Amino acid sequence: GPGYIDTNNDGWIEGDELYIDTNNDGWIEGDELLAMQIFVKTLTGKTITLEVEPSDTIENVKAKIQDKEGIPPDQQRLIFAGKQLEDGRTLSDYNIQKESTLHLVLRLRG
Ligand SMILES: [Tb+3]
Ligand SMILES: [Tb+3]
């Protein structure tokens, strides 16, 4: 859902002219201007890309991981730069930014 818009109107497409089209219509609407991409290195799989925003909470992110990889949020733990990412937290208050990368840890059960 990423893509590009020539906002400086210079005829070309630059690095700052990436925008993430959240709603996957052909467009970029005002509310998708903060959307960004972050990666998650899954445990047993590959590195996976998410379309999140800085205001999103961790439960959100996990919600997204489930949708994508089929793991339940209670079974997920997420790690960034050594810190256990806790619930009810924006990922801007952890200082997670465009193209940051997260660690999936999975609980035992058995
Ligand atoms: Tb341009
Ligand atoms: Tb759109």
Side-chain angles (χ1 to χ4, degrees):
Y4 294 90
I5 283 177
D6 177 30
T7 67
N8 56 21
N9 294 102
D10 71 19
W12 304 128
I13 287 309
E14 298 89 72
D16 32 289
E17 302 189 336
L18 181 89
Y19 302 98
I20 288 59
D21 182 18
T22 274
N23 70 1
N24 285 103
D25 51 34
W27 306 73
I28 285 318
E29 306 82 63
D31 70 73
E32 22 204 70
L33 287 171
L34 286 169
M36 46 168 205
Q37 281 173 328
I38 63 160
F39 311 120
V40 181
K41 179 170 175 153
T42 58
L43 196 66
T44 49
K46 37 179 214 77
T47 296
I48 265 314
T49 298
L50 297 190
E51 293 165 4
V52 314
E53 2 217 8
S55 86
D56 280 357
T57 64
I58 277 37
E59 302 145 11
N60 256 289
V61 176
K62 294 190 181 192
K64 285 188 160 101
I65 297 182
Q66 171 173 57
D67 207 287
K68 204 141 189 198
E69 296 298 278
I71 305 156
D74 34 288
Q75 292 280 119
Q76 299 174 43
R77 164 165 299 172
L78 276 165
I79 282 132
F80 181 61
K83 331 164 111 81
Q84 195 160 327
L85 305 184
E86 268 98 45
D87 294 333
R89 300 194 149 275
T90 206
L91 25 98
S92 72
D93 60 31
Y94 299 107
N95 268 78
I96 297 171
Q97 297 177 291
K98 201 212 293 211
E99 291 179 41
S100 284
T101 197
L102 308 197
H103 313 74
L104 199 56
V105 169
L106 300 170
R107 102 154 48 256
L108 224 57
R109 139 263 198 281

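Just so it is clear, the values below take in all heavy atoms, side chains as well, and ignore hydrogens, waters and symmetry mates. Note that the numbering runs from 1 along the sequence shown for the chain.
At least one side-chain heavy atom of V52 sits under 4.5 Å from a side-chain heavy atom of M36. The side-chain heavy atoms of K64 and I38, taken from C-beta on, include no pair separated by under 4.5 Å. With contacts defined as side-chain heavy-atom distances shorter than 4.5 Å, the pair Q66/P73 qualifies. Two residues are said to be in side-chain contact when any heavy atoms from C-beta on lie closer than 4.5 Å; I65 and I48 fail this criterion. Counting only heavy atoms from C-beta outward, the side chains of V40 and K68 never approach each other to under 4.5 Å. Under the 4.5 Å side-chain criterion, counting only non-hydrogen atoms from C-beta, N23 is in contact with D21.
For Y4, the side chain to side chain contact (heavy atoms under 4.5 Å, CB included) partners at least two apart in sequence or on another chain are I13, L18. Residues passing the side chain to side chain contact (heavy atoms under 4.5 Å, CB included) test with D93, sequence neighbours excluded: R89, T90.
No continuous path of hydrophobic side-chain contacts links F39 to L78 [ILVMFWY only; heavy atoms under 4.5 Å].
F80 approaches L85 most closely through the heavy-atom pair CB-CD1, 3.8 Å. Closest non-hydrogen pair, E51 versus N24, comes out as OE1-OD1, 4.2 Å. Pairing each heavy atom of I20 with each of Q37, the nearest pair is CG1-CG, 4.0 Å. Here the closest non-hydrogen pair linking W12 and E17 is O-OE1, 3.1 Å. Taking all atoms of both residues into account, the shortest heavy-atom contact from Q76 to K62 is O-NZ, 2.7 Å. The nearest pair of heavy atoms linking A35 to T22 is CB-OG1, 3.7 Å.
Between the side chain of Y94 and the backbone N or O of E86, at least one donor-acceptor pair lies under 3.5 Å.
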Just list the side-chain donor-acceptor pairs under 3.5 Å for residues 102-110, sequence neighbours left out, or say none.
{"unit_1": "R107", "atom_1": "NE", "unit_2": "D74", "atom_2": "O", "d": "3.3"}
{"unit_1": "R107", "atom_1": "NH2", "unit_2": "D74", "atom_2": "O", "d": "3.3"}

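Interatomic distance, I58 CD1 to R77 CZ, rounded to the nearest 0.5 Å: 13.0 Å. Note that CG of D87 is 10.5 Å distant from CG of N60, once rounded to the nearest 0.5 Å.
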